[PDB]
Amino acid sequence: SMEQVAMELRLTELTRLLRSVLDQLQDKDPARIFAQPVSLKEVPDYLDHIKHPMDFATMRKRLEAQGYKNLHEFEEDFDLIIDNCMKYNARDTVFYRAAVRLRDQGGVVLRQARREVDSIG
């Protein structure tokens, strides 16, 4: 149908918008602490602590598979990255501090992407 296609064009644009947003969020992690999944070879008990792991490479696979239907789903995943880190790691660690900074600097990017997604529909 002509409708399914028009739908597919919007998703593709949303995917295009979210890709840009993801690039901006990931520049706020210059140490690449959140780039890849936590290694289960290196942290074998991780899944006993964190039930839904997340990282930027995993978000990107979902992104390019057009797996995010809306900003809300995308934000849920970004928030997992931060929240998982803040539980697993103590307050006086480079890891926890990095999450706080990503959260604070990400807010600005996410605030404008909300307005853009509403705006462009």
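Residues numbered from 1 in each chain as written, not as in the entry; some residues may be left out. Heavy atoms only, no water. Residues with missing side-chain atoms left out of burial classes, pairs and counts.

By the method listed in its record, X-ray crystallography, this PDB entry was determined to a resolution of 1.8900 Å.

Looking at the PDB entry, one finds the protein chain named Bromodomain-containing protein 1 and attributed to Homo sapiens.

Participant: Can you help me understand helix α5 (residues 94–120) in this one?
Facilitator: Over its 27 residues, α5 runs 38 Å from end to end, which matches the ideal 39 Å to within 8%, given 1.5 Å per residue. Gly107 marks the point of greatest bend in α5, at about 35 degrees. Just downstream of α5 lies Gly121, where phi reads positive at about 75 degrees. (Helix = DSSP H or I, 4+ residues; strand = E, 2+ residues; numbered from the N terminus. Expected span 1.5 Å × (residues − 1). Bend = angle between axes of the 7 residues up to and from the residue.)

Participant: Sorry if this is basic, but what is going on with the pattern of salt bridges here?
Facilitator: Pairs may arise between side chains of opposite charge once their charged atoms sit close together. Scanning all chains against the criterion turns up six salt bridges. Put simply, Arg114 and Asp118 hold a salt bridge, and the shortest N to O gap is 3.1 Å. Taken together, the positions of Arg114 and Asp118, both in helix α5 and four residues apart, correspond to about one turn of that helix. (Salt bridge = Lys/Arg side-chain N within 4 Å of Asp/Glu carboxyl O.)

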